[PDB]
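Novice: Have a look at this one before I ask anything.
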Amino acid sequence: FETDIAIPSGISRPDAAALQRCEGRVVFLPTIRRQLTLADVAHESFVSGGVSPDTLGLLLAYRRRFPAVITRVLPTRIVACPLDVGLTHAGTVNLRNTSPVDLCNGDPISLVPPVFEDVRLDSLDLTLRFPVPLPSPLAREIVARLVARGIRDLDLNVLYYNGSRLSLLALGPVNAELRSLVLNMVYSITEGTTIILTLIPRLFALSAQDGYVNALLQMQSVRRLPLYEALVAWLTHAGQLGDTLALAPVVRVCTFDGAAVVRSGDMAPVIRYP
Amino acid sequence: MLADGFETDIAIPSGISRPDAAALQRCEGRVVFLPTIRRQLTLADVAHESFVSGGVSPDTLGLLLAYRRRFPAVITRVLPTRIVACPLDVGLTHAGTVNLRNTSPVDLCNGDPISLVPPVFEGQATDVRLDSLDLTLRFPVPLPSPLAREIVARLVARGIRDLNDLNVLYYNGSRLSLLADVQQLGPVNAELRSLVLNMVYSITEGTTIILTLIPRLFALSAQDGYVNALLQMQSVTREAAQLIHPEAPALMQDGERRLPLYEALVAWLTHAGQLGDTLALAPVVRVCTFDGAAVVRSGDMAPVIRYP
Amino acid sequence: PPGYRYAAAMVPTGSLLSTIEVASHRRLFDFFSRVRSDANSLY
Amino acid sequence: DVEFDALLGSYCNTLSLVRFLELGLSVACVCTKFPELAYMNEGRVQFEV
């Protein structure tokens with residue numbers, strides 16, 4: 001099951017080679033459809049608003065859009081299959097890393113917006129931002145690092161994986177690109193730890209290793225402060241972020257007839273959960 | 001998941017009148033809770049008479065709590081002699097496409113996750129009753145996901161008020177309310193414990209640093225309007241900031257080698273962010289139309305492809 | 001409870017062998033009619 | 001030196017093929033068959049006294 005993303009007319013000569021270089025890469029589309037236009041595919045397709053979306057709003061669209069992995073690229077149409085319906089019939093679709101981090105066999109792979117550091121087509125006036133397919137145990141680390149970076153602003157950049165070293169700093173735009181995450185991560189915790197502190201007003205006052213454990217072991221057995229109207233302001237807000245920062249893995253690599261560890265620029269075969 | 005699909009067969013009995021047989025053919029896509037994954041069950045297992053505890057028919061809140069121990073399934077087709085469903089947790093069909101039908105007062109959009117809710121709405125608890133078999137089939141209501149984080153949060157917050165308005169909602173501008181009823185003390189305390197576990201577990205020693213950033217936010221909402229319309233008019237942290245001037249602790253025990261801000265955020269994701277799965281059930285299902293529309297209307301089918 | 005078809009009587013399938021008081025036990029049957037002699041709704 | 005083991009044979013069953021009419025119970029049935037019955041709802045029989 002292979003859809004078609006048609007390229008509109010008037011392609012220059014370096015740009016037919018630029019789209020020749022995104023052979024195996026992850027792309028988001030609105031709805032699974034056998035014919036689709038490239039202007040609904042690009043980064044322009046969700047700049048809705050009056051500011052081009054930062055890394056928060058990138059995450060929200062990625063759960064409302066259906067990820068597709070590009071197969072062959074014909075010079076008239078981009079042939080792709082989506083990762084939700086097209087992969088029960090056809091078994092395994094190749095995938096190219098843009099990651100600075102190599103893939104091992106058996107990892108599950110989430111996706112992250114390009115927070116680290118971008119094909120532009122000036123015959124068509126659009127950019128093509130692409131996600132970063134890193135493995136999902138790093139995803140709850142790396143995003144948790146970069147959120148923790150901005151909290152310092154109001155040691156950290158050390159990361160090891162697969163016997164290698166990672167430097168997240170590689171400063172100007174990315175801290176400003178990640179302002180909206182920092183201003184929600186703090187608010188949810190400070191709303192949480194004051195309502196919890198209001199419901200039971202002793203949770204900071206008991207002796208920790210002596211009396212607070214009895215306050216923990218009991219929990220395990222089976223004008224006006226507008227407090228009870230403010231759970232909903234917390235619970236719906238916190239219940240929203242539990243999907244966005246989950247970064248659920250669509251993709252698990254099962255290597256067969258190939259190298260055990262797939263490096264950057266190489267291809268790694270990919271299956272979904274059957 | 002099996003290759004040839006996996007379809008259980010809820011059996012229809014012998015004696016069913018024509019006013020009842022045409023009442024089950026309007027059950028084309030609904031949500032039906034199997035207790036196990038047996039290929040052969042009965043309607044006496046499906047209906048609300050099997051839902052009851054020892055003789056206490058529970059409230060809407062316990063009706064949340066006994067879905068997460070069952071397996072929600074969707075009817076695909078109704079024969080005269082048996083009803084065929086597909087469990088959501090095992091495998092959909094060959095296709096991965098099982099048509100639903102909206103019972104909701106709210107229309108859908110593409111890609112949005114579905115978490116199902118008991119019939120909480122007023123003028124809406126419409127139970128398909130079988131008269132010649134003496135059964136009630138309560139059909140739950142599929143809703144979009146950010147609604148299901150509201151309505152579960154409305155009901156748990158309401159039951160805490162009884163342990164010593166709220167029932168007004170808005171979504172896509174259509175005003176809707178929910179049924180006010182007395183809540184039994186039993187299952188509400190099973191919610192309060194499931195809060196305060198996941199609430200206290202998100203408090204690490206690193207949160208003493210974030211709680212000294214509250215004076216920055218209350219001054220940041222003065223300049224950037226993004227932080228004004230973030231806090232709320234009806235929030236806690238605004239009136240918390242107008243009285244408390246916090247300050248950080250002096251040192252940390254072996255605080256050089258460890259990152260206190262990083263551990264508070266890892267523990268926050270898996271405990272307090274995860275909280276929307278503990279109270280309600282899991283959003284198994286989203287809507288992935290092939291050709292139709294951006295909006296799926298009330299009383300209409302919708303193609304469905306699964307989801308984390 | 002449908003009123004059955006009186007011409008199925010008019011050429012019967014198979015004949016009984018024993019007459020009994022019939023309205024002693026009724027719920028073995030569904031559409032039961034005590035016809036005091038030849039009456040209105042037989043036609 | 002000479003040694004061996006042995007298989008001295010193997011024994012089976014036969015499944016007893018049972019016609020229903022060979023039973024003594026087959027009087028209490030009136031057996032006429034339908035080539036179709038799922039194409040049928042409530043069916044009726046009339047007796048008259």
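Note on naming: chains are A, B, ... as they come in the structure tokens, residues start from 1 per chain, ligands start from 1 in the order shown.
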I need the residues of region 73-260 of chain A that end up classed as strand (DSSP E) by DSSP on the backbone, written out as JSON, numbers by chain.
Specialist: {"A": [73, 77, 78, 79, 80, 81, 82, 93, 94, 95, 96, 108, 109, 119, 120, 121, 126, 127, 128, 158, 159, 160, 161, 164, 165, 166, 167, 251, 252, 253]}
Novice: Among region 84-269 of chain A, which residues does DSSP mark as alpha helix (DSSP H) when it is run on the backbone? Keep the chain and numbering as in the structure and answer as a PyMOL selection string.
Specialist: chain A and resi 136-153+172-177+179-199+212-220+231-244
Novice: Do you know which residues are at most 12 Å from residue 260 (chain B) counting only C-alpha atoms, after dropping those on the same chain fewer than 6 positions away, and could you put them as a PyMOL selection string?
Specialist: (chain A and resi 145+148-149+151-152+155-156) or (chain B and resi 203-210+251-254+266-267)
Novice: Export C-alpha atoms of the chosen residues as a short mmCIF file (atom, residue, chain, number, x, y, z; two decimals), in the first residue's frame?
Specialist:
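Generated file (selection-v5.cif):
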data_model
loop_
_atom_site.label_atom_id
_atom_site.label_comp_id
_atom_site.auth_asym_id
_atom_site.auth_seq_id
_atom_site.Cartn_x
_atom_site.Cartn_y
_atom_site.Cartn_z
CA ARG A 145 18.04 17.16 29.49
CA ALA A 148 16.51 20.86 32.42
CA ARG A 149 18.82 23.23 30.53
CA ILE A 151 15.65 25.81 34.18
CA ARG A 152 19.29 26.73 34.87
CA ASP A 155 28.02 19.13 33.79
CA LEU A 156 24.62 18.79 32.14
CA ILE B 203 8.13 15.04 44.70
CA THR B 204 11.89 14.51 44.60
CA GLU B 205 14.43 16.70 46.44
CA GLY B 206 15.00 18.50 43.12
CA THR B 207 11.55 20.09 43.37
CA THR B 208 12.84 22.46 46.07
CA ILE B 209 14.64 24.28 43.25
CA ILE B 210 11.64 24.51 40.91
CA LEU B 251 23.69 22.67 49.85
CA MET B 252 23.07 19.11 48.76
CA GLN B 253 24.60 15.92 50.12
CA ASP B 254 27.08 14.87 47.40
CA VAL B 266 12.35 11.98 35.03
CA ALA B 267 10.23 11.10 38.06
#
Novice: Interatomic distance between CA of residue 250 (chain B) and CA of residue 236 (chain B)?
Specialist: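 Pair CA of residue 250 (chain B) / CA of residue 236 (chain B) returns 26.8 Å.
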Novice: As an exercise, work out the distance from CA of residue 112 (chain A) to CA of residue 8 (chain A) in Å and give it to one decimal place.
Specialist: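 Value for the CA of residue 112 (chain A)-CA of residue 8 (chain A) distance: 28.6 Å.
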Novice: Counting only C-alpha atoms, what is within 9 Å of residue 301 (chain B), bar same-chain residues fewer than 6 positions away, as a compact mmCIF listing (two decimals) with N, CA and C atoms, in the first residue's frame?
Specialist:
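Heads up, here's the output in selection.txt:
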# COMPACT_ATOMS: atom_id res chain seq x y z
N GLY B 29 -21.94 -0.61 15.34
CA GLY B 29 -20.68 -0.37 16.00
C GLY B 29 -20.89 0.25 17.36
N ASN B 99 -15.09 -0.50 12.08
CA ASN B 99 -15.96 0.66 12.06
C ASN B 99 -16.71 0.81 13.38
N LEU B 100 -16.69 2.02 13.93
CA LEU B 100 -17.44 2.35 15.12
C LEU B 100 -18.74 3.06 14.73
N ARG B 101 -19.44 3.61 15.72
CA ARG B 101 -20.57 4.51 15.48
C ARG B 101 -20.67 5.44 16.68
N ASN B 102 -20.74 6.74 16.42
CA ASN B 102 -20.64 7.72 17.49
C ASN B 102 -21.92 7.77 18.28
Novice: Counting only C-alpha atoms, which residues of chain B sit at most 9 Å from some atom of chain D, and what is each one's closest atom pair with its distance in Å to one decimal, listed by chain and rising residue number, as a Markdown table?
Specialist:
| residue | atom | partner | partner_atom | distance |
| --- | --- | --- | --- | --- |
| B:15 | CA | D:42 | CA | 9.0 |
| B:80 | CA | D:38 | CA | 8.6 |
| B:81 | CA | D:38 | CA | 8.6 |
Novice: From the list D:8, D:37, D:45, D:15, which residue is nearest chain C when using only C-alpha atoms?
Specialist: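 Checking each of D:8, D:37, D:45, D:15 against chain C, counting only C-alpha atoms, the winner is D:45.
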Novice: Would you compute the distance between CA of residue 306 (chain B) and CA of residue 38 (chain B)? Give it in Å to one decimal.
Specialist: 21.6 Å
Novice: Using only C-alpha atoms, I'd like every residue of chain A that has an atom within 8 Å of chain B; please write them out as a VMD selection string.
Specialist: chain A and resid 31 to 33 63 to 66 84 to 85 88 140 to 141 144 to 145 148 151 154 156 183 186 to 187 189 to 196 219 to 220 222 225 to 233 235 to 236 238 to 242 245 to 246 248 274
Novice: Create the file for the chosen residues now, containing N, CA and C atoms and written as a short mmCIF file (atom, residue, chain, number, x, y, z; two decimals), in the first residue's frame.
Specialist:
data_model
loop_
_atom_site.label_atom_id
_atom_site.label_comp_id
_atom_site.auth_asym_id
_atom_site.auth_seq_id
_atom_site.Cartn_x
_atom_site.Cartn_y
_atom_site.Cartn_z
N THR A 31 -3.86 12.87 6.40
CA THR A 31 -4.77 11.74 6.26
C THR A 31 -4.24 10.79 5.21
N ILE A 32 -4.38 9.49 5.47
CA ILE A 32 -3.92 8.49 4.51
C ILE A 32 -4.74 8.60 3.25
N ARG A 33 -4.08 8.87 2.13
CA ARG A 33 -4.80 9.14 0.90
C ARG A 33 -3.91 8.80 -0.28
N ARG A 63 1.36 13.80 16.85
CA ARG A 63 0.37 12.83 17.29
C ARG A 63 -0.96 12.99 16.58
N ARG A 64 -1.19 14.11 15.91
CA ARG A 64 -2.36 14.29 15.08
C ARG A 64 -2.09 13.96 13.62
N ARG A 65 -0.84 13.75 13.24
CA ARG A 65 -0.50 13.35 11.89
C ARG A 65 0.00 11.91 11.91
N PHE A 66 0.02 11.31 10.73
CA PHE A 66 0.24 9.88 10.59
C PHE A 66 1.57 9.65 9.89
N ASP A 84 1.04 3.18 9.89
CA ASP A 84 -0.09 2.72 10.67
C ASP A 84 -0.96 1.71 9.93
N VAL A 85 -1.13 1.88 8.62
CA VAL A 85 -1.95 0.95 7.85
C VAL A 85 -1.15 0.21 6.78
N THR A 88 1.04 -3.65 7.60
CA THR A 88 0.53 -4.99 7.87
C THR A 88 0.61 -5.88 6.64
N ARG A 140 13.46 9.82 26.60
CA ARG A 140 13.13 10.28 27.93
C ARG A 140 14.34 10.80 28.68
N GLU A 141 15.53 10.70 28.10
CA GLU A 141 16.71 11.36 28.63
C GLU A 141 16.94 12.71 27.98
N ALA A 144 14.41 15.36 28.47
CA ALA A 144 14.54 15.72 29.87
C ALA A 144 15.84 16.45 30.17
N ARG A 145 16.87 16.30 29.33
CA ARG A 145 18.04 17.16 29.49
C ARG A 145 17.73 18.58 29.05
N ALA A 148 15.72 20.52 31.25
CA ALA A 148 16.51 20.86 32.42
C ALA A 148 17.55 21.93 32.13
N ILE A 151 15.91 25.53 32.78
CA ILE A 151 15.65 25.81 34.18
C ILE A 151 16.88 26.40 34.86
N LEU A 154 17.05 30.51 34.68
CA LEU A 154 16.21 31.40 35.47
C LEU A 154 16.62 31.39 36.94
N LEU A 156 25.88 19.30 32.66
CA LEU A 156 24.62 18.79 32.14
C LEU A 156 24.76 18.14 30.77
N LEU A 183 8.28 26.68 30.08
CA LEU A 183 7.25 27.41 30.80
C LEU A 183 5.98 26.61 31.03
N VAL A 186 7.55 23.72 34.32
CA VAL A 186 7.64 24.32 35.65
C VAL A 186 6.25 24.51 36.24
N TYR A 187 5.30 24.95 35.41
CA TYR A 187 3.99 25.33 35.92
C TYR A 187 3.21 24.12 36.43
N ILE A 189 4.46 21.35 37.67
CA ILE A 189 5.04 20.87 38.92
C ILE A 189 4.71 21.82 40.07
N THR A 190 4.81 23.13 39.83
CA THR A 190 4.49 24.08 40.89
C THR A 190 2.99 24.14 41.17
N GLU A 191 2.15 23.79 40.19
CA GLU A 191 0.73 23.66 40.51
C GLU A 191 0.48 22.38 41.29
N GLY A 192 1.12 21.28 40.88
CA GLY A 192 1.02 20.01 41.56
C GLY A 192 1.47 20.10 42.99
N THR A 193 2.74 20.42 43.21
CA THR A 193 3.30 20.45 44.56
C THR A 193 2.80 21.61 45.42
N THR A 194 1.83 22.43 45.04
CA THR A 194 1.13 23.28 46.00
C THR A 194 -0.28 22.82 46.29
N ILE A 195 -0.93 22.12 45.36
CA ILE A 195 -2.23 21.53 45.65
C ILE A 195 -2.07 20.32 46.57
N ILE A 196 -1.09 19.46 46.27
CA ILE A 196 -0.73 18.34 47.14
C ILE A 196 -0.34 18.85 48.51
N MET A 219 -0.44 5.14 53.19
CA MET A 219 -0.94 5.45 51.86
C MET A 219 -0.93 4.24 50.94
N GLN A 220 -0.18 3.20 51.27
CA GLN A 220 -0.02 2.08 50.37
C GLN A 220 -1.01 0.95 50.62
N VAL A 222 -4.56 -0.92 50.96
CA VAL A 222 -5.83 -0.78 50.26
C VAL A 222 -6.97 -0.88 51.25
N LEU A 225 -10.03 30.01 48.74
CA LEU A 225 -9.10 29.43 47.77
C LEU A 225 -9.86 28.52 46.83
N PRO A 226 -9.92 28.81 45.53
CA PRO A 226 -10.64 27.94 44.59
C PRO A 226 -9.87 26.66 44.30
N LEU A 227 -9.75 25.80 45.32
CA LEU A 227 -8.86 24.65 45.24
C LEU A 227 -9.45 23.54 44.39
N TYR A 228 -10.69 23.15 44.69
CA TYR A 228 -11.28 22.00 44.01
C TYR A 228 -11.69 22.32 42.58
N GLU A 229 -11.79 23.59 42.23
CA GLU A 229 -11.92 23.98 40.84
C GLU A 229 -10.58 24.07 40.14
N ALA A 230 -9.48 23.94 40.88
CA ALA A 230 -8.15 24.04 40.31
C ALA A 230 -7.48 22.69 40.11
N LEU A 231 -8.10 21.60 40.53
CA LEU A 231 -7.63 20.28 40.11
C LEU A 231 -7.77 20.12 38.61
N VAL A 232 -8.89 20.57 38.06
CA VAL A 232 -9.18 20.44 36.64
C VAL A 232 -8.19 21.25 35.81
N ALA A 233 -7.78 22.41 36.32
CA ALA A 233 -6.72 23.17 35.68
C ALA A 233 -5.38 22.45 35.76
N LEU A 235 -5.22 18.73 36.30
CA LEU A 235 -5.34 17.36 35.82
C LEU A 235 -5.47 17.29 34.31
N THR A 236 -6.19 18.23 33.71
CA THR A 236 -6.29 18.25 32.26
C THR A 236 -5.00 18.72 31.63
N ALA A 238 -1.93 18.33 33.08
CA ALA A 238 -0.98 17.24 33.25
C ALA A 238 -1.39 16.02 32.45
N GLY A 239 -2.70 15.80 32.28
CA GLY A 239 -3.15 14.69 31.45
C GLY A 239 -2.94 14.91 29.97
N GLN A 240 -2.66 16.15 29.57
CA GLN A 240 -2.33 16.42 28.18
C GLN A 240 -0.86 16.11 27.89
N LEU A 241 0.03 16.54 28.79
CA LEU A 241 1.46 16.34 28.60
C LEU A 241 1.88 14.89 28.71
N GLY A 242 1.05 14.03 29.30
CA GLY A 242 1.40 12.63 29.43
C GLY A 242 1.38 11.87 28.12
N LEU A 245 4.87 14.10 25.95
CA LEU A 245 6.20 13.73 26.40
C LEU A 245 6.36 12.23 26.58
N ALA A 246 5.37 11.44 26.18
CA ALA A 246 5.53 9.99 26.20
C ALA A 246 6.50 9.53 25.13
N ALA A 248 5.89 7.81 22.12
CA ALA A 248 5.62 6.39 21.96
C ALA A 248 6.33 5.86 20.72
N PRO A 274 3.54 -6.15 15.22
CA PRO A 274 2.57 -6.89 14.40
C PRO A 274 1.19 -6.91 15.03
#
Novice: For a quick test of understanding: name the residues of chain C lying within 9 Å of chain D when counting only C-alpha atoms, and present them as a list in words.
Specialist: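 Output check: residues 4, 5, 8, 9, 12, 13, 14, 15, 16, 18, 19, 20 and 22 of chain C.
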Novice: Can I get the selected residues back with C-alpha atoms, as an mmCIF file, in the first residue's frame?
Specialist:
data_model
loop_
_atom_site.group_PDB
_atom_site.id
_atom_site.type_symbol
_atom_site.label_atom_id
_atom_site.label_comp_id
_atom_site.auth_asym_id
_atom_site.auth_seq_id
_atom_site.Cartn_x
_atom_site.Cartn_y
_atom_site.Cartn_z
ATOM 1 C CA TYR C 4 -52.500 -18.675 12.804
ATOM 2 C CA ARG C 5 -53.842 -19.716 9.441
ATOM 3 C CA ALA C 8 -53.744 -25.190 7.218
ATOM 4 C CA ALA C 9 -56.476 -26.997 9.124
ATOM 5 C CA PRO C 12 -54.259 -31.330 7.866
ATOM 6 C CA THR C 13 -50.746 -32.734 7.983
ATOM 7 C CA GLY C 14 -51.083 -35.486 10.573
ATOM 8 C CA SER C 15 -53.925 -36.435 12.876
ATOM 9 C CA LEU C 16 -53.843 -36.730 16.662
ATOM 10 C CA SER C 18 -56.108 -38.833 21.937
ATOM 11 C CA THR C 19 -58.526 -36.140 23.073
ATOM 12 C CA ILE C 20 -57.907 -34.426 26.425
ATOM 13 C CA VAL C 22 -56.857 -28.936 26.575
#
Novice: Which residues, written as a VMD selection string, have at least one atom at most 8 Å from region 30-34 of chain C, with only C-alpha atoms counted and residues fewer than 6 positions away on the same chain left out?
Specialist: chain C and resid 1 to 4 23
Novice: What's around residue 39 (chain A) at 10 Å? Count only C-alpha atoms, leave out sequence neighbours fewer than 5 positions away in its own chain, and write the answer as a list in words.
Specialist: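 Counting only the stated atoms, we get residues 5, 6, 7, 8, 44, 45, 124, 125 and 126 of chain A.
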Novice: Please, could you write that set of residues out with N, CA, C and O atoms as a PDB file, in the first residue's frame?
Specialist:
ATOM      1  N   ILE A   5       2.807  11.360  -3.276  1.00  0.00           N
ATOM      2  CA  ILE A   5       2.902  12.792  -3.030  1.00  0.00           C
ATOM      3  C   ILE A   5       3.438  13.421  -4.304  1.00  0.00           C
ATOM      4  O   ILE A   5       4.635  13.322  -4.599  1.00  0.00           O
ATOM      5  N   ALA A   6       2.559  14.058  -5.072  1.00  0.00           N
ATOM      6  CA  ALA A   6       2.948  14.608  -6.361  1.00  0.00           C
ATOM      7  C   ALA A   6       3.732  15.899  -6.165  1.00  0.00           C
ATOM      8  O   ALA A   6       3.377  16.728  -5.320  1.00  0.00           O
ATOM      9  N   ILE A   7       4.801  16.061  -6.934  1.00  0.00           N
ATOM     10  CA  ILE A   7       5.560  17.313  -6.916  1.00  0.00           C
ATOM     11  C   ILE A   7       4.960  18.259  -7.951  1.00  0.00           C
ATOM     12  O   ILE A   7       4.789  17.858  -9.111  1.00  0.00           O
ATOM     13  N   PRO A   8       4.634  19.498  -7.588  1.00  0.00           N
ATOM     14  CA  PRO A   8       4.100  20.434  -8.579  1.00  0.00           C
ATOM     15  C   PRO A   8       5.179  20.874  -9.551  1.00  0.00           C
ATOM     16  O   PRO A   8       6.374  20.686  -9.327  1.00  0.00           O
ATOM     17  N   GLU A  44       5.541  24.330   5.996  1.00  0.00           N
ATOM     18  CA  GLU A  44       4.505  25.344   5.860  1.00  0.00           C
ATOM     19  C   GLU A  44       3.121  24.804   6.183  1.00  0.00           C
ATOM     20  O   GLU A  44       2.251  25.577   6.590  1.00  0.00           O
ATOM     21  N   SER A  45       2.915  23.490   6.056  1.00  0.00           N
ATOM     22  CA  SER A  45       1.578  22.918   6.164  1.00  0.00           C
ATOM     23  C   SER A  45       0.998  23.034   7.569  1.00  0.00           C
ATOM     24  O   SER A  45      -0.214  22.881   7.742  1.00  0.00           O
ATOM     25  N   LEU A 124       9.976  26.172  -5.132  1.00  0.00           N
ATOM     26  CA  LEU A 124       8.645  25.932  -4.610  1.00  0.00           C
ATOM     27  C   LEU A 124       8.333  26.728  -3.354  1.00  0.00           C
ATOM     28  O   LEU A 124       7.174  26.716  -2.922  1.00  0.00           O
ATOM     29  N   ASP A 125       9.327  27.398  -2.762  1.00  0.00           N
ATOM     30  CA  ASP A 125       9.190  28.274  -1.593  1.00  0.00           C
ATOM     31  C   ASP A 125       8.602  27.516  -0.397  1.00  0.00           C
ATOM     32  O   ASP A 125       7.486  27.777   0.056  1.00  0.00           O
ATOM     33  N   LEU A 126       9.388  26.561   0.093  1.00  0.00           N
ATOM     34  CA  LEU A 126       9.047  25.849   1.317  1.00  0.00           C
ATOM     35  C   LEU A 126      10.302  25.237   1.916  1.00  0.00           C
ATOM     36  O   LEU A 126      11.275  24.974   1.206  1.00  0.00           O
TER      37      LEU A 126
END
